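Residues take their numbers from the sequence shown, with the count starting at 1. For ligands, and for the atoms within them, numbers begin at 1 and follow the listed sequence.
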Amino acid sequence: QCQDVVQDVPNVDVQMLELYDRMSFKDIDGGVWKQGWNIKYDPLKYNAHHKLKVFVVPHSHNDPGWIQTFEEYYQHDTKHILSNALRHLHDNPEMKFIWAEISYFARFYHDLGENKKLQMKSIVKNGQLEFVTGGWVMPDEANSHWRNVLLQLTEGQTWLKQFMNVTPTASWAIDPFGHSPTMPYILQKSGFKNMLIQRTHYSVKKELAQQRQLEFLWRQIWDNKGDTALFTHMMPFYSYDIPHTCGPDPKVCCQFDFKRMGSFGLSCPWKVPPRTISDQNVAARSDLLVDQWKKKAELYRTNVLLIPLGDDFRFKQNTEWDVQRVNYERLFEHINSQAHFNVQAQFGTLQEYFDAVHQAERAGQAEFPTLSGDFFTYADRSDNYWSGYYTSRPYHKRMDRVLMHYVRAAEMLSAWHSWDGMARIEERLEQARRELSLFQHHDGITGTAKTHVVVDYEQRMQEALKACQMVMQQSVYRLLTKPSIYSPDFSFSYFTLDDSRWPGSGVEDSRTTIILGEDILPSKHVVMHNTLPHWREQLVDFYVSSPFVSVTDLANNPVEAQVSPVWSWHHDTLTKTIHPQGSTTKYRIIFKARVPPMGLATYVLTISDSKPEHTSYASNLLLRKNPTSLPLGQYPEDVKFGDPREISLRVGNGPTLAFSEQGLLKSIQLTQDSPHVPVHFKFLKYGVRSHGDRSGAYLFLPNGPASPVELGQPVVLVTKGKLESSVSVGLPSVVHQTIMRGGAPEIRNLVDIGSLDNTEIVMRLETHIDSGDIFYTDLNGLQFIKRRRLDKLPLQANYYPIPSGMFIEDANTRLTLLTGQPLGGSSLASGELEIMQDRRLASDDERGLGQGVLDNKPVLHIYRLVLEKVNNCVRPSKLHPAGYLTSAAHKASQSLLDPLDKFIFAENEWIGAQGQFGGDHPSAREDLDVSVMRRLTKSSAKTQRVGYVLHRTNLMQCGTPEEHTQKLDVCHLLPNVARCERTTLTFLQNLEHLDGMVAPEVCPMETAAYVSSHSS
Ligand SMILES: *[C@H]1O[C@H](CO)[C@@H](O)[C@H](O)[C@H]1NC(C)=O
Ligand SMILES: CO[C@@H]1[C@@H](N)[C@@H](O)[C@@H](O)[C@H]1O
Ligand SMILES: [Zn+2]
């Protein structure tokens, strides 16, 4: 039934990897169309019986933060644009306008008086103002996780359905810096029929234009049948501004931007200004304009032409509305009345364009090509590849992934109950969703905003994290307290969250120590949550005020624990070394938590006078010349010292890892009998060019291949324990840590690029894997796409987004690096992987940001490193454009993105505490996730509704027998189900009423949404 996503290579007209292999990418001067050619057309193509229909679509690109904050732009610009759009559209019934960013629209609409709300609903209902996409933002497509792309889409569309009674089916993405097939994937599963994109490499625009392949049915790279296909229009020219949207010659098109005659402080850089249309010039002006249109029309297959009319924060002043409208009206009246042009031109909306294109298609006038692939890495001109923003502001890129998970966990934990309005649950979740959604903007997560705007996004996300914590901890208290005892104060913190990796050790001292003592408090309850729909074990760690602590479950069964010191690294400005200091007051206790699917498990930490039976203590070895003592208070094992030396470690039955005397991985041995496979971590630096174009927040313009970071004789700390071991080294700008818990290691880098101007720090893996020029990177955490390194392109063009993982492989061996944050990376030589850690750039890169990137701050990047044998795996053929993770790698990615949540009970005693929640939840097959669980109704609704987004990935078959797992029917997770419906992914349209109220599991690579309805 399900399509085979591995073994059937789709047949498409354009496959972007194949196209890339064949294209020459020459950057030649094409004439007035600088990156194209001199377009010719047959004037006889259009005639009385076959006219060119032209839709001029007014628009205004409104960034939710960039050079100003959201609120600053709203006050200075966007509120005036929307107020004037309302007035002008009301008064001019043929004028049209499209609007994309619902974050702004919702802010505006809720501030309007009722009379104006009604006026606004009227111009939407009548088709004059049309929403395009309808997301909270126009998101980045490179660094964004698909879950957050869906979150922001749902946030905007849910608002539009409720207030505007419309759901857009056409998408408009004119500004993201390159484009991802994750967008049509999500949009096509959310009711869309059409989409538009703009920022694709200039060589790609030229190639596709020459073949009239700028409109295409964009399907997923694994989709053999084509059911994922979404009609896509790629605009052909360098910009979406007016000079680059009327036709190929911006010197002509600029004369048709009537905001550029002087009084608005704008002009045409091509040195010919616009002139007011009059009866004396309209014929000449029309001849010039129609000629541009007919040239543009040559690049497409129908007789319906899209002419966007707008730019950034346009349509602000009433005088601007008038100057554009009246001048275009005079042109339309002339052109449409002059039969010799054979043109019918009018203001239109985006949906009107697409509807007319498909009318032409159905009339047999055109057939469209099929396409798969992506549109990274973008270059707008010459060698200016926009791969810098895959890394810029990495602190906030990491924060995005933390908040992603906290939103999911808060929505899921609170979904199990209906809450009184006084609990402020819906309020806090809406805030958290909206702040995370805002950050998906293409100047948010991308790291391309001004410093104070980055600060605003951070403050918003911090508030969202606090909102999630509040909702999560109220939910845990309710789920695990005997109901007749439960007595909530909705303002009280029953638990505090404990997060070991955010902001992280060395970033913020934010974690609470569990303070135990005979004279204060002998024990403490902690609770773990597992948002994934399968039973999960994971080591968890807490800070405690004594090393003499033991762990029990709530049935009072001992749980094996390990205590390690709390180590912090310090750049010692006196000794000029970077070295670790141990706490003599707090210690880390580590134990394996086992947690039900979408469930909770409670444990107890108890102090004793001396070493507990079931708690062991790690050894610690500090490798450095010239050591000094390292006291650890009550910690029972004395620190050992040694000169730097190679070391080997093995935890459990896991791999054996060998490290250099500099504390960097050099080899991995999977099993005791197997080989020591060379796998070498190295840190290098890229610089900036002293001549020509400089790297900045968008562009990566390295001054050649990276140079090794000079390491000196760094201090290496080795901690060896029964449950967890680690090697940590204080390198310049990076405290690098390899942590072993008995599977694939976890790597953590505390990255502080300090004051190193014009430097990008890269982490590289060097191996013996015969990968050649092939490597794989993911798109939005959804799919892995084959990449081919092209030596015909510059280094920066071979960088791709690494939103969640990357791998190289040969016939026998694969190395996969999973990430907890999006970063840029590549494989610049056979056997290598590399990923950028941070970048500090003194110069602006001439895209309008007007600053470098000099606001770096310490960030804790996290990874898992999975070396595997893959010779037995059923892989796609050599011609297939996708790749797929193994289960170990997929589970490793889940451990980074959706770890267990940890809660520490705040008060001294928890009366009515229970040991577990969710023990009866089905443990679903490992490839299935409940990406979203969200109650959709407030407590006043007689019929409660709960929405679920289910995602099935595809894992490679490598000969591990499939185990018994339980069917997950999300529609029966809550009792008293009365109806189960399959819906669009935004939950806004019912697609199927489900028999027996049973939600079927989805196919590999598919995502489905279901809503269950419950009598309450
Ligand atoms: C809005 O649009 C629908 C079509 O989806 C229309 O039939 C209905 O009358 C309107 N619904 C409202 C205002 O709730
Ligand atoms: C690259 O130029 C973009 C501009 N068009 C702005 O809208 C902002 O998004 C900026 O990043
Ligand atoms: Zn923008």
Checklist line | Plane angle bin for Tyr385 and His201 - parallel if under 30°, tilted between 30 and 60°, otherwise perpendicular | finding: tilted
Margin query: I'd like to know if the side chain of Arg434 pairs up with that of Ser103 as donor and acceptor (distance under 3.5 Å, no hydrogens or angles considered).
Written below: no
Item checked: Among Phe105, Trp159, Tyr74, ring pair (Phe, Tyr, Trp, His ring centres under 6.0 Å) partner for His110 -> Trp159
Next item on the list: Decide whether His993 and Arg979 meet the rule of one side-chain donor and one side-chain acceptor closer than 3.5 Å.
Entry: yes
Notebook entry, point to check: Would the number of heavy atoms belonging to other residues, nucleotides or ligands and lying under 6.0 Å from NZ of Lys117 be above 12?
Noted result: yes
Notebook entry, point to check: Between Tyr799 and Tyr686, how do the two ring planes meet: parallel, tilted or perpendicular, split at 30° and 60°?
Noted result: perpendicular
Checklist line | Candidate list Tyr378, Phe700, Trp386, test ring pair (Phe, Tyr, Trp, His ring centres under 6.0 Å), partner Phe177, passing option | finding: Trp386
Next item on the list: Kindly state if atom 4 (C) of ligand 1 has a protein heavy atom within a strict 4.0 Å cut-off, that is, under 4.0 Å?
Entry: no
Next item on the list: Of all N, O or S atoms in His61, identify the one at the shortest distance from the Zn ion (ligand 3).
Entry: NE2
Margin query: Can you check the angle at the Zn ion (ligand 3) formed by OD2 of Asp175 and NE2 of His442? Round it to the nearest 10°.
Written below: 100°
Checklist line | Test item: protein heavy atom less than 4.0 Å from atom 9 (O) of ligand 1 | finding: no
Tabulate distances under 3.5 Å between N/O atoms of ligand 2 and N/O atoms of the protein, writing both atom names on each line.
from	atom 1	to	atom 2	distance (Å)
ligand 2	5 (N)	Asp175	OD1	3.4
ligand 2	5 (N)	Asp175	OD2	2.8
ligand 2	5 (N)	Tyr240	OH	2.8
ligand 2	5 (N)	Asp312	OD2	2.9
ligand 2	7 (O)	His61	NE2	3.0
ligand 2	7 (O)	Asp63	OD1	2.9
ligand 2	7 (O)	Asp63	OD2	2.6
ligand 2	7 (O)	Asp175	OD2	2.8
ligand 2	7 (O)	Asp312	OD2	3.2
ligand 2	9 (O)	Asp63	OD1	3.0
ligand 2	9 (O)	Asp175	OD2	3.0
ligand 2	9 (O)	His442	NE2	3.1
ligand 2	9 (O)	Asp443	OD1	3.3
ligand 2	9 (O)	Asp443	OD2	2.6
ligand 2	11 (O)	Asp443	OD1	2.6
ligand 2	11 (O)	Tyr698	OH	2.7

Next item on the list: Taking the six-membered ring for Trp and the full ring for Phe, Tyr or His, determine whether the centres of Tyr390 and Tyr800 are under 6.0 Å apart.
Entry: no
Margin query: Checking side chain to side chain donor-acceptor pair (under 3.5 Å) between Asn384 and each of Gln796, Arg847, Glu846, which is the one that passes?
Written below: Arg847
Notebook entry, point to check: Name of the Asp63 N, O or S atom nearest the Zn ion (ligand 3)?
Noted result: OD1
Next item on the list: Measure the distance from atom 12 (C) of ligand 1 to every protein heavy atom, then report the residue, atom name and distance (to 0.1 Å) of the closest one.
Entry: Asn165 ND2, 3.2 Å
